[PDB]
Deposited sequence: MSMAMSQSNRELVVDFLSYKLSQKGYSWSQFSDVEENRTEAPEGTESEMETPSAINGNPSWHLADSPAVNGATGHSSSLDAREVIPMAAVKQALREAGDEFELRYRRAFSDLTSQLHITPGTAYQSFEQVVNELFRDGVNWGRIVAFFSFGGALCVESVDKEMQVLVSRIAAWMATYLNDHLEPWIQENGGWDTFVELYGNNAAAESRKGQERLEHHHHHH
């Protein structure tokens, strides 16, 4: 009953960079998949709740990254030749042994950041570079671990809309909730 389980992967990464650059004030298709001849897709249903948790989880992870240490690309240099290596070091960092939730969302907004500063540094070709590294790592290492136990339905069950704040408030039961009456 397949249909877009592997193609949807490249759809989540491409949609994350489309809204990322759109935030500042730059286009994405301008230097990404510019080659015409597309597939159009049926409509995209997994990105509904999935992309949703990726937008609130990407803005909360970024706010906590600078609010807890500093910027990401600000520390990187970015350039067509040693850029994939930079994202390669941050990738191994997160992977402590296998694939635990949380590092996947931080990796989504992380690559999107390198794409923003990339265009600002006259690195259009660099943007497309991170686009293939994001859809590849997602369809390579995160592929055999997501389909294993619903990696998108689960990623949304723990990082749903405002799930980060819901883990400290929605807790209630084992948290402490004083209303047993």
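Visitor: Return the ranges of the deposited sequence not covered by C-alpha coordinates, sorted by sequence position.
Guide: Deposited residues absent from the model fall in 49-88 alone.
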